[PDB]
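Asker: After the structure tokens below, expect a handful of questions from me.
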Amino acid sequence: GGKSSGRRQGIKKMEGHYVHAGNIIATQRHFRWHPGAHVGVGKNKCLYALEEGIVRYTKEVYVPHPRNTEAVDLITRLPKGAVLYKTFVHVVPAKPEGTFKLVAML
Amino acid sequence: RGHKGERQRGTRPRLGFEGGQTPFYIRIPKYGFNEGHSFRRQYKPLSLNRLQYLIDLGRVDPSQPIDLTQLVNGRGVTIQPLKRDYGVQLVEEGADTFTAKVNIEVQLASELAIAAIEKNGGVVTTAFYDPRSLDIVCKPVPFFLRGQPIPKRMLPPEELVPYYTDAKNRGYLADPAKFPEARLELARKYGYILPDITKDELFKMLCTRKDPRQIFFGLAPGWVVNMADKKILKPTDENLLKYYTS
Amino acid sequence: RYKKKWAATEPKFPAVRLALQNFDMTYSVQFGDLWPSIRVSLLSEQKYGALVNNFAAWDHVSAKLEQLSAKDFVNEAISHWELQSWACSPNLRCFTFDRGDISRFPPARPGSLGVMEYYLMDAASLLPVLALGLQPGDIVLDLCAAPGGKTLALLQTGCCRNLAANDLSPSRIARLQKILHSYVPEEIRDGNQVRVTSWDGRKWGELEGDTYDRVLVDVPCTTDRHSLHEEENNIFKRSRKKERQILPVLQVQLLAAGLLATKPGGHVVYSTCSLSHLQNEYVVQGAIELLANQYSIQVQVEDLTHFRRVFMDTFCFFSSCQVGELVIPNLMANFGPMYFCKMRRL
RNA sequence: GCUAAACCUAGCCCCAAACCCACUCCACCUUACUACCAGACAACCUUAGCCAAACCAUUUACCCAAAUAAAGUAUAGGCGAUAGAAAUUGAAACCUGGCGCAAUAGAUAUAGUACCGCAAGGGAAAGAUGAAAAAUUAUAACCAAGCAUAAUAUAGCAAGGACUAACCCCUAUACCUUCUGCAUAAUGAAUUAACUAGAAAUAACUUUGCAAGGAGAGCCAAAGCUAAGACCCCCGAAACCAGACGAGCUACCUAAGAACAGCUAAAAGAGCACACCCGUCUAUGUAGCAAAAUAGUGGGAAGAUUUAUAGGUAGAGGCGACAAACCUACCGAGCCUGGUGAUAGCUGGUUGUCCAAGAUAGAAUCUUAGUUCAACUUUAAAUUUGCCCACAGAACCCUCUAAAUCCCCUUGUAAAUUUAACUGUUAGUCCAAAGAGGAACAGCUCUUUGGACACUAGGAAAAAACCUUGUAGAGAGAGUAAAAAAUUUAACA
RNA sequence: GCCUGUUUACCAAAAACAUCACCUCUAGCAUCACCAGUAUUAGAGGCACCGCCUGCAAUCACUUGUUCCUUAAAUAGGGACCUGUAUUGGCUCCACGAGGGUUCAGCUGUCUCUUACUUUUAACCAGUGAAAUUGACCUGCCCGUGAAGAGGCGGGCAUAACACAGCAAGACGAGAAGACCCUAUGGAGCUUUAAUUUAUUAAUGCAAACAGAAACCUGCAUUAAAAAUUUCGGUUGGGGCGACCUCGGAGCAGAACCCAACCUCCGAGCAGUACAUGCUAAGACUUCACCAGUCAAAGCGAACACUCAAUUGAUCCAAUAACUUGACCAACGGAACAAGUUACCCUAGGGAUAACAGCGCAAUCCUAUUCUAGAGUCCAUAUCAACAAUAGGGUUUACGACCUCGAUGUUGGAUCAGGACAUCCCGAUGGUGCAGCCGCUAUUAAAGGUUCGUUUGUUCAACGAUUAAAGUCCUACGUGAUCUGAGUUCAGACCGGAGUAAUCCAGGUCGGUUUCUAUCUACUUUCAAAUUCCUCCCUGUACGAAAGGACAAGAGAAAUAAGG
Ligand SMILES: C[S@@+](CC[C@H](N)C(=O)[O-])C[C@H]1O[C@@H](n2cnc3c(N)ncnc32)[C@H](O)[C@@H]1O
Ligand SMILES: [K+]
Ligand SMILES: [K+]
Ligand SMILES: [K+]
Ligand SMILES: [K+]
Ligand SMILES: [K+]
Ligand SMILES: [K+]
Ligand SMILES: [Mg+2]
Ligand SMILES: [Mg+2]
Ligand SMILES: [Mg+2]
Ligand SMILES: [Mg+2]
Ligand SMILES: [Mg+2]
Ligand SMILES: [Mg+2]
Ligand SMILES: [Mg+2]
Ligand SMILES: [Mg+2]
Ligand SMILES: [Mg+2]
Ligand SMILES: [Mg+2]
Ligand SMILES: [Mg+2]
Ligand SMILES: [Mg+2]
Ligand SMILES: [Mg+2]
Ligand SMILES: [Mg+2]
Ligand SMILES: [Mg+2]
Ligand SMILES: [Mg+2]
Ligand SMILES: [Mg+2]
Ligand SMILES: [Mg+2]
Ligand SMILES: [Mg+2]
Ligand SMILES: [Mg+2]
Ligand SMILES: [Mg+2]
Ligand SMILES: [Mg+2]
Ligand SMILES: [Mg+2]
Ligand SMILES: [Mg+2]
Ligand SMILES: [Mg+2]
Ligand SMILES: [Mg+2]
Ligand SMILES: [Mg+2]
Ligand SMILES: [Mg+2]
Ligand SMILES: [Mg+2]
Ligand SMILES: [Mg+2]
Ligand SMILES: [Mg+2]
Ligand SMILES: [Mg+2]
Ligand SMILES: [Mg+2]
Ligand SMILES: [Mg+2]
Ligand SMILES: [Mg+2]
Ligand SMILES: [Mg+2]
Ligand SMILES: [Mg+2]
Ligand SMILES: [Mg+2]
Ligand SMILES: [Mg+2]
Ligand SMILES: [Mg+2]
Ligand SMILES: [Mg+2]
Ligand SMILES: [Mg+2]
Ligand SMILES: [Mg+2]
Ligand SMILES: [Mg+2]
Ligand SMILES: [Mg+2]
Ligand SMILES: [Mg+2]
Ligand SMILES: [Mg+2]
Ligand SMILES: [Mg+2]
Ligand SMILES: [Mg+2]
Ligand SMILES: [Mg+2]
Ligand SMILES: [Mg+2]
Ligand SMILES: [Mg+2]
């Protein structure tokens, strides 16, 4: 067998691209890119922007959740002083939540 | 024509064929989108903007009762009884700018359109026309050239009886005693002072309403119009009178 | 260009007929007058033994089976150890019917614990587990453990703290996981006690040397019971003729790897569901010579004559086997065919 | 200047109108066209199939008695290709015509004749003076191929540049079609003349009329509606079905006949051997004498023989000493007519001028000789970004730690996207590079990037793929690009 | 094969068919066949007369090996022996046959080796006067090149024009879209346990209708019979007894995406936990189309977008009150339901595509050097040679599918050959484990030559006798418009094998149509130098211990070749 085509998975929004709420940022088989600020992750590790703004990619310290046993057992065997890093994709909000407007003069 | 194949030889397959795979339209499941489409009732909408436009240009005279004949004669509507039309429906478009006192009879009417007419002192009544009588009403002249006696319009179907027996819809088969109560509710709901049309001079004209079995005004069913001699023939057979009056 | 106009074409035989013809020639000389008796039992449906699930309500199941006149041959055999005078793996309860009885056990019903009350399996397949002489606190390695005919029996004993169940075919492995899940409660399988993997058994001779004390090796072989009845994935079809030719070679290699995996002083039992002596004794002799010549490893084969006499009442044994013990099917006792040989490493 | 070439009528086609012919004498259902004896003889019975459904098996339009409209609506349908009403509505109507043909046209027609076939059946060709032929002193010139007038002189796709001059010099690999690519030794064409192949208006577009209305009833309408213009080929199967016609050849049978010297033998499916029949071997012949023969040599030659005559069995069949033989010179299913312009994803062809834009991602498919969609390409229209690209930015288990992409403001530039309407191409090649399969072979196979080629020219000898170079004309001007292989080797204490 | 007889009219006359004889099967009877008959008869078949034969498996036949006879020589013909298989079945015998093999003597131009003559044809004079064919030609050779075989392109050479008569190397010559493989959702025949049917026919049953029981008829059923309709999925595979078709991951594809096989590897057609695995809704992804597929804020309602790479099937239709459910439709974008065979084949095409050939390539094959280990008593190098290396050749076996599918079947022989030298013989010359003769090896040499026979279709080979030698190749595996048609190849048949059958066969056996009038190129007396063996002489000389035994020169004789 092995006639399967590619899944067309990768980066949908590069650095500096303007995105809207719900736009898919990246599709990946495994956690190559991790969700950052205002970025959600679906069942299939699909990264989608939770807010409208600009996409940024940074390197951040990876602190796994204590419940995730497999990742916790990995940082506990690291030499003292070593710190893990991973790539995170963030969305910097562009518009504010709202504005206060005059509606009447009572 | 290209090089060879079915293109140059003119043996192209039928439209929709996709070379062997299941066609796009075939693989879509069937749904009742158009089931019974030829039996659904259609009503040409008549906006108050359209009605007011006709009145201001003299195409429809408000001094006389307005029925489907006058709207067609004024080229306000184009009814197609062969296209499953059942009359006109009065819609609420342009109710704010409508200002005229008329006596118009429409097969269907919205609650707001009824309120708008009665606010200005008009009278609105809804009556049913069967497809056979509908063509006679729209084009009386072609019907009078067939030499046939005028038939009485049939009663509305069982499904439409509740609509025309309710005073809220101003049905022509409704109890006249419930009209005053229904008219006042619209005045209270939409906040307008209901005028007393009895004191008006046009009160007699507004009350002019045709019988449920009648087609035109003052033309009893069974009469034969002779347009060549400008004469009307009225049968005197007792059985014929009983047939055209019941 | 292919030629489709051959003068003579070999007639198409069913895979069942192909298996029957090959068995008829080979096994007639090997068994002599016993082959016709064996052949009918092979063609008839084998009797199914009901292996009580110890994790479930074993006592209540035993009472239920006694109503169906089922008799625990294992319990009877245990009392026969002193009567005739390593012992055998304890904590196994399998109920069968009388000799010549055709009654079939009803399908198993899950108990209040949510696990199946008992497992239906060939009674001749339980003997290698019993002959293994399992003891508590040991580490048991099983090669070709899937689908779990013998794999489930090991957990019922409760003598294995760590288990390594490896089968090359993932499809068979997937069946093993469901069987363990349905029968064995998740708490035992929760930890590293049961390790189910899908790799070549030849790797176990190098990756884990001397790790396990008890190793059970059931190499793949021409299954006489399955070949004569099943029509799917039969080894005797023309496409799989190549696999049958190289089948004895794999039997020698997989057994040798398991022998390297066991610790010296441990016990290794070689099991095979076939009547062909070229794949039962020659493979055993092949592995013994292979270790000495290549890795200089010596093993000793224990005598199963004492084990043979205990189950003579409920099983039919062939008394012309050089090293291993062969259980031949019979009309009265339809269990089999099964060949198991026990060797210890020194 | 010969052969020829021209020369307009005969007549026909489509409508309208109107409902048509059929006893001079004689003969004509028997072997028709035959004056003249005992008979019994009776007509009536669903069409099918091709074809479409990309096979095929249910199914698949065929005037059925009023145009239009309702309406391609209700319904029918492997609910699929396709089939398809009714109620109801109501139409004018003046034969004496032609933006029909003019001898390869128009009916086949000068004629259903000549001719062909046993029969059914098929089926032509052509004529041309003048008012006068009772003017032949006639109806003068020029015009296709073919010839003649008038054979030929080194050398070559027969020509071009030229030149004082035909050749000599220089340059030049016929045309069409089919393929990645044909001078190709791949297809077709001897040549001349005539004939011979793109039919349809749903949508959209363009140009008028009118306009919230349009239209000479019906229909459509949230700027539409009416009208016009403008897009959709030719030839060819093997087959299938229906109804007829054929056993004068042949296969077998029936009726009543005929033939078989001589010799040897015996009352012989005997021998030798004529007539006769048959056709073993060889040669000639191979468009022949002959669509099966000639010469010699052979088999049988009183029999299961040969043969004349009349009759019979007819295609879903006959008949057969079974050879798949024979059934009117192509019988694994005769011929003819009709369905029929059967169908063909296959082959071939597809006719005036000029200009412009214009090539290689794929998916599905009883599909890889095709088609549909996308990509690409074209026109029209709308709109605003398009391309190039500065940092920054895009993963770990993985150091072939690769070449390089994606994103991308400036900037250089002028395109790009969306809308409308459809066609067409996708059986590709070779070179460079990375990597697979084969053998670290192939003008080998299979992907990726890029170029070239199917677009011109120059140079590598000739040269589709290498190098130089493109946007088009004239010049008897000029400057340049790529562009010419190197190499000759052994004394010795 | 009993015999006479019969058959493919126009490629097969036979071993095939028929045939008396024998065997099997069916039928108890009238008024167009059988039959104006009646079990000693009629019909449907098999085998091919006659004669002979056991076990209760023998004998035989077939088969595997061995030997003998014939021939100078025997893959042939005849007989015997050994092994295995097979059995109702098998083995002999007359006669006969245009059947197929072997042979005796004889016969003969069949041949060694042709020759002469006549006749027809032929050529010329006179008369009459075709056909296939034809893009245009003002139509050369060599080498190279090219869609891979050039009269037309490149470079050289040759070259006044011109008819007639011959010739058959070329014009991939002409003649029937040739045969041969492949293709088509193109046909047809035939067979059947392909699919779909019983209308039709026949036999029963019931209803009907009757008598009083029955039959005929009609309707509806069930059995068969005999027919009818239609189809023969693709992918890959020269020596097989098949694999494969959908979905997912890893390598190629190293870094956004995408990216193929005959590829390189492993799988998937589930299970488990939930039971709000509820209801709705911005904005996006999308397996390069579509169909499908994936994520998802907020909100409502509750709690306090399940795990898993794949784990899946559209429409119609059926079921259902409804909600919902239904195909290893796995050929997995799925036709509601259809298999073989054709060499009796047909049509439309295909050099996209096979075999032969040409061409590419050099794994294989072949050859010479380099290396010096090792054989050769000693000794690498008189010879021979390992592991390898370096080049050349295009003769085999393969690989590629580029040219030819709108008339070359291939093999071999006959005829006539041109060419290469990597030389079998003749010539010249080094070395030698060369005394001389014989030999071995190497350089040089293509002027000349290189046999006749038996079985075999043979090429080749075996052995028969010879020769100074009986060379290796190429040339469209030369030459078939010069010939042959034996093997293979179309229709017949048989033996053996496969298949239910039709029918098939890399096997054996028998038979089986080989067209052409020369338009063009080329050519049609190379005006004339010959090679070889044997014998003799030198000479029984040199050489050698003898056995043996030569050079060069000269002579004679003979043979072929060339020319008379
Ligand atoms: C005959 S079954 C034995 C089943 C099991 N041992 C029992 O008795 O119940 C043999 C199994 O060995 C597995 N197998 C085959 N080859 C293997 C290999 N190379 N390494 C490990 N297992 C293998 C196959 O999947 C097969 O199911
Ligand atoms: K096709
Ligand atoms: K004959
Ligand atoms: K004969
Ligand atoms: K020639
Ligand atoms: K399919
Ligand atoms: K030819
Ligand atoms: Mg992949
Ligand atoms: Mg064409
Ligand atoms: Mg008379
Ligand atoms: Mg008379
Ligand atoms: Mg069709
Ligand atoms: Mg077909
Ligand atoms: Mg004419
Ligand atoms: Mg002329
Ligand atoms: Mg020149
Ligand atoms: Mg017929
Ligand atoms: Mg006759
Ligand atoms: Mg006589
Ligand atoms: Mg005779
Ligand atoms: Mg005869
Ligand atoms: Mg003969
Ligand atoms: Mg004759
Ligand atoms: Mg005779
Ligand atoms: Mg007759
Ligand atoms: Mg006959
Ligand atoms: Mg026959
Ligand atoms: Mg035949
Ligand atoms: Mg004929
Ligand atoms: Mg056609
Ligand atoms: Mg242009
Ligand atoms: Mg399909
Ligand atoms: Mg005979
Ligand atoms: Mg006799
Ligand atoms: Mg013949
Ligand atoms: Mg003959
Ligand atoms: Mg016979
Ligand atoms: Mg005879
Ligand atoms: Mg002789
Ligand atoms: Mg003459
Ligand atoms: Mg001619
Ligand atoms: Mg010349
Ligand atoms: Mg050449
Ligand atoms: Mg040249
Ligand atoms: Mg000549
Ligand atoms: Mg000649
Ligand atoms: Mg196809
Ligand atoms: Mg039909
Ligand atoms: Mg997409
Ligand atoms: Mg598919
Ligand atoms: Mg798919
Ligand atoms: Mg044959
Ligand atoms: Mg030499
Ligand atoms: Mg040849
Ligand atoms: Mg030849
Ligand atoms: Mg020739
Ligand atoms: Mg022959
Ligand atoms: Mg022969
Ligand atoms: Mg001479």
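Naming works like this for the structure tokens: A, B, ... for the chains as they're shown, residue 1 at the start of each chain, ligands 1 onward in shown order.
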Report as JSON, numbers by chain the set of chain E residues whose atoms approach chain B to within 12 Å, with distances computed over only C-alpha atoms (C1' of nucleotides).
Answerer: {"E": [185, 289, 290, 291, 292, 314, 315, 316, 333, 334, 335]}
Asker: Pick out the chain B residues within 8 Å of chain D. Count only C-alpha atoms (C1' of nucleotides). Give them as a PDB file with N, CA and C atoms, in the first residue's frame.
Answerer:
```
ATOM      1  N   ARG B   1     -12.716  22.100 -33.602  1.00  0.00           N
ATOM      2  CA  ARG B   1     -13.216  20.871 -33.005  1.00  0.00           C
ATOM      3  C   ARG B   1     -12.152  20.039 -32.300  1.00  0.00           C
ATOM      4  N   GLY B   2     -10.883  20.419 -32.376  1.00  0.00           N
ATOM      5  CA  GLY B   2      -9.836  19.679 -31.698  1.00  0.00           C
ATOM      6  C   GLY B   2      -9.327  18.493 -32.491  1.00  0.00           C
ATOM      7  N   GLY B   5     -11.226  12.046 -30.923  1.00  0.00           N
ATOM      8  CA  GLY B   5     -12.053  11.868 -29.749  1.00  0.00           C
ATOM      9  C   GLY B   5     -13.531  12.050 -30.058  1.00  0.00           C
ATOM     10  N   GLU B   6     -14.300  12.220 -28.986  1.00  0.00           N
ATOM     11  CA  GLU B   6     -15.724  12.501 -29.098  1.00  0.00           C
ATOM     12  C   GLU B   6     -16.014  13.973 -29.350  1.00  0.00           C
ATOM     13  N   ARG B  12     -20.261  13.568 -28.166  1.00  0.00           N
ATOM     14  CA  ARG B  12     -20.095  13.916 -26.766  1.00  0.00           C
ATOM     15  C   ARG B  12     -21.221  13.302 -25.937  1.00  0.00           C
ATOM     16  N   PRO B  13     -20.932  12.884 -24.707  1.00  0.00           N
ATOM     17  CA  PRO B  13     -21.969  12.279 -23.866  1.00  0.00           C
ATOM     18  C   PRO B  13     -23.015  13.304 -23.454  1.00  0.00           C
ATOM     19  N   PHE B  17     -23.156  13.901 -17.466  1.00  0.00           N
ATOM     20  CA  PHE B  17     -22.349  12.691 -17.404  1.00  0.00           C
ATOM     21  C   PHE B  17     -20.910  13.053 -17.061  1.00  0.00           C
ATOM     22  N   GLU B  18     -20.320  12.327 -16.110  1.00  0.00           N
ATOM     23  CA  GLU B  18     -18.980  12.627 -15.622  1.00  0.00           C
ATOM     24  C   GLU B  18     -17.959  11.564 -16.009  1.00  0.00           C
ATOM     25  N   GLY B  19     -18.129  10.928 -17.163  1.00  0.00           N
ATOM     26  CA  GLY B  19     -17.160   9.974 -17.653  1.00  0.00           C
ATOM     27  C   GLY B  19     -17.274   8.577 -17.088  1.00  0.00           C
ATOM     28  N   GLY B  20     -18.256   8.315 -16.232  1.00  0.00           N
ATOM     29  CA  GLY B  20     -18.436   6.985 -15.687  1.00  0.00           C
ATOM     30  C   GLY B  20     -18.743   6.967 -14.205  1.00  0.00           C
ATOM     31  N   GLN B  21     -18.188   7.918 -13.459  1.00  0.00           N
ATOM     32  CA  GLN B  21     -18.493   8.012 -12.040  1.00  0.00           C
ATOM     33  C   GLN B  21     -19.919   8.509 -11.844  1.00  0.00           C
ATOM     34  N   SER B  38     -47.051  22.581  -7.834  1.00  0.00           N
ATOM     35  CA  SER B  38     -48.110  23.014  -8.735  1.00  0.00           C
ATOM     36  C   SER B  38     -49.463  23.130  -8.049  1.00  0.00           C
ATOM     37  N   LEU B  82     -53.583  30.737 -14.831  1.00  0.00           N
ATOM     38  CA  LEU B  82     -52.966  29.506 -15.305  1.00  0.00           C
ATOM     39  C   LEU B  82     -51.682  29.178 -14.555  1.00  0.00           C
TER      40      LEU B  82
END
```
Asker: Go through the chains and note each residue within 7 Å of ligand 54, using only C-alpha atoms (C1' of nucleotides) and all ligand atoms, then give the set as a list in words.
Answerer: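 My answer, listing the contacting residues, is residues 476, 477 and 478 of chain E.
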Asker: Using only C-alpha atoms (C1' of nucleotides), select each residue of chain D with any atom at most 7 Å away from an atom of chain A, and give the selection as a list in words.
Answerer: residues 393, 395 and 407 of chain D
Asker: Take the selection from the previous step and output its residues with N, CA and C atoms (P, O5', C5', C4', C3', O3' and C1' of nucleotides), as a PDB file, in the first residue's frame.
Answerer:
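To be explicit, this is the file written out as again_15.pdb:
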```
ATOM      1  P     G D 393      13.638  35.989  14.531  1.00  0.00           P
ATOM      2  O5'   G D 393      12.377  35.183  13.987  1.00  0.00           O
ATOM      3  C5'   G D 393      11.106  35.323  14.603  1.00  0.00           C
ATOM      4  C4'   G D 393      10.023  34.656  13.794  1.00  0.00           C
ATOM      5  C3'   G D 393      10.290  33.220  13.385  1.00  0.00           C
ATOM      6  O3'   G D 393      10.023  32.300  14.427  1.00  0.00           O
ATOM      7  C1'   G D 393       9.466  34.432  11.531  1.00  0.00           C
ATOM      8  P     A D 395      10.597  26.046  13.723  1.00  0.00           P
ATOM      9  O5'   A D 395      10.142  25.462  15.132  1.00  0.00           O
ATOM     10  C5'   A D 395       9.370  24.270  15.212  1.00  0.00           C
ATOM     11  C4'   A D 395      10.066  23.207  16.024  1.00  0.00           C
ATOM     12  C3'   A D 395      11.552  23.039  15.729  1.00  0.00           C
ATOM     13  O3'   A D 395      12.214  22.578  16.905  1.00  0.00           O
ATOM     14  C1'   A D 395      10.423  21.043  15.194  1.00  0.00           C
ATOM     15  P     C D 407       4.313  32.752  -0.120  1.00  0.00           P
ATOM     16  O5'   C D 407       4.465  33.630   1.199  1.00  0.00           O
ATOM     17  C5'   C D 407       3.633  33.404   2.327  1.00  0.00           C
ATOM     18  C4'   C D 407       4.173  34.089   3.557  1.00  0.00           C
ATOM     19  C3'   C D 407       4.418  35.583   3.430  1.00  0.00           C
ATOM     20  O3'   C D 407       3.238  36.347   3.602  1.00  0.00           O
ATOM     21  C1'   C D 407       6.297  34.556   4.434  1.00  0.00           C
TER      22        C D 407
END
```
Asker: Using only C-alpha atoms (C1' of nucleotides), select each residue of chain E with any atom at most 9 Å away from an atom of chain A, and give the selection as a list in words.
Answerer: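 Going by the stated atoms only, the list reads residues 247, 248, 249, 256, 257, 258, 282, 283, 284, 285, 286, 287, 294, 295, 296, 297, 305 and 309 of chain E.
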Asker: How would you write, as a ChimeraX atom specification, the set of residues no farther than 10 Å from ligand 3 when counting only C-alpha atoms (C1' of nucleotides) and all ligand atoms?
Answerer: /D:278-279 /E:6-9,13
Asker: I'd like to know which residues of region 2-100 of chain A are strand (DSSP E or B) (by DSSP, run on the backbone); could you write them as a ChimeraX atom specification?
Answerer: /A:11,18-19,24-26,34-35,39-41,47-49,53-61,85-93
Asker: Show me which bits of chain E are within 8 Å of chain C, counting only C-alpha atoms (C1' of nucleotides), as number ranges by chain.
Answerer: E: 237-238, 240-242, 267, 271, 354, 497-498, 504-505
Asker: Using only C-alpha atoms (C1' of nucleotides) and all ligand atoms, which residues have at least one atom no more than 8 Å from ligand 16? Output them as a list in words.
Answerer: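 Here is the list of contacting residues: residues 155, 156 and 170 of chain D.
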Asker: Go through chain E and flag each residue having an atom no more than 9 Å from ligand 42; for those, report the closest pair of atoms plus their distance in Å to one decimal, using only C-alpha atoms (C1' of nucleotides) and all ligand atoms, ordered by chain and rising number, as a tab-separated table.
Answerer:
```
residue	atom	partner	partner_atom_place_in_ligand_line	distance
E:138	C1'	ligand 42	1 (Mg)	7.0
E:139	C1'	ligand 42	1 (Mg)	7.5
E:140	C1'	ligand 42	1 (Mg)	8.1
E:159	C1'	ligand 42	1 (Mg)	8.7
```
Asker: Tell me, in Å to one decimal, how far atom 24 (C, counted along the ligand's line) of ligand 1 is from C1' of residue 308 (chain E).
Answerer: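 About the pair atom 24 (C, counted along the ligand's line) of ligand 1 and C1' of residue 308 (chain E): they are 23.9 Å apart.
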Asker: Pull the helix (DSSP H, G or I) assignments for chain A out of DSSP run on the backbone, and list those residues as a list in words.
Answerer: residues 69, 70, 71, 72, 73, 74 and 75 of chain A
Asker: How would the residues just picked look written out with C-alpha atoms as a PDB file, in the first residue's frame?
Answerer:
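Result went into result02.pdb, see below:
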```pdb
ATOM      1  CA  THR A  69       2.646  12.306  33.715  1.00  0.00           C
ATOM      2  CA  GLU A  70       4.738  11.599  30.606  1.00  0.00           C
ATOM      3  CA  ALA A  71       5.963  15.189  30.283  1.00  0.00           C
ATOM      4  CA  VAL A  72       6.493  15.557  34.041  1.00  0.00           C
ATOM      5  CA  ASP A  73       8.764  12.483  34.085  1.00  0.00           C
ATOM      6  CA  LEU A  74      10.852  14.162  31.348  1.00  0.00           C
ATOM      7  CA  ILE A  75      11.676  17.389  33.206  1.00  0.00           C
TER       8      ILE A  75
END
```
Asker: Using only C-alpha atoms (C1' of nucleotides) and all ligand atoms, find each residue with an atom at most 12 Å away from ligand 46 and format the answer as a ChimeraX atom specification.
Answerer: /E:166-168,481-482,516-518
Asker: What does the file look like for those residues with C-alpha atoms (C1' of nucleotides), as a PDB file, in the first residue's frame?
Answerer:
```
ATOM      1  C1'   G E 166      20.188  -8.786 -71.126  1.00  0.00           C
ATOM      2  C1'   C E 167      20.385  -9.012 -65.809  1.00  0.00           C
ATOM      3  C1'   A E 168      17.474  -8.855 -60.823  1.00  0.00           C
ATOM      4  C1'   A E 481      10.293  -9.503 -58.293  1.00  0.00           C
ATOM      5  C1'   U E 482      16.710 -16.026 -59.059  1.00  0.00           C
ATOM      6  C1'   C E 516       4.644 -10.246 -61.070  1.00  0.00           C
ATOM      7  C1'   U E 517       5.210  -8.590 -68.471  1.00  0.00           C
ATOM      8  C1'   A E 518      11.485  -4.413 -65.337  1.00  0.00           C
TER       9        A E 518
END
```
Asker: Tell me which protein, DNA and RNA residues are within 10 Å of region 151-158 of chain C, counting only C-alpha atoms (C1' of nucleotides), leaving out same-chain ones fewer than 4 positions away, and put them as a PyMOL selection string.
Answerer: chain C and resi 51-55+89-93+119+121+125-126+129-130+132+134-138+140-147+162-165+176+179-180+183-184+188+193-194+216
Asker: Find, counting only C-alpha atoms (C1' of nucleotides) and all ligand atoms, the residue in E:344, E:385, E:329, E:420 that gets nearest to ligand 50.
Answerer: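 When distances to ligand 50 are compared using only C-alpha atoms (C1' of nucleotides) and all ligand atoms, the smallest one comes from E:329.
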Asker: May I ask you to write as a VMD selection string all residues lying at most 8 Å from ligand 29, with only C-alpha atoms (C1' of nucleotides) and all ligand atoms counted?
Answerer: chain D and resid 328 to 331 334 to 335
Asker: Which residue out of E:186, E:419, E:97, E:464 has the minimum interatomic distance to ligand 13 when only C-alpha atoms (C1' of nucleotides) and all ligand atoms are used?
Answerer: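 Closest to ligand 13, using only C-alpha atoms (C1' of nucleotides) and all ligand atoms: E:186.
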Asker: Quick one: residues within 12 Å of ligand 55, with only C-alpha atoms (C1' of nucleotides) and all ligand atoms, as an NGL selection string?
Answerer: :E and (408-415 or 476-480 or 482-485)
Asker: Using only C-alpha atoms (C1' of nucleotides) and all ligand atoms, which residues have at least one atom no more than 10 Å from ligand 13? Output them as a count of residues only.
Answerer: 9
Asker: Skip residue 175 (chain B) itself and residues of its chain fewer than 5 positions away, then list as a list in words all residues within 9 Å of it, counting only C-alpha atoms (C1' of nucleotides).
Answerer: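 Close residues of residue 175 (chain B): residues 165, 166 and 167 of chain B.
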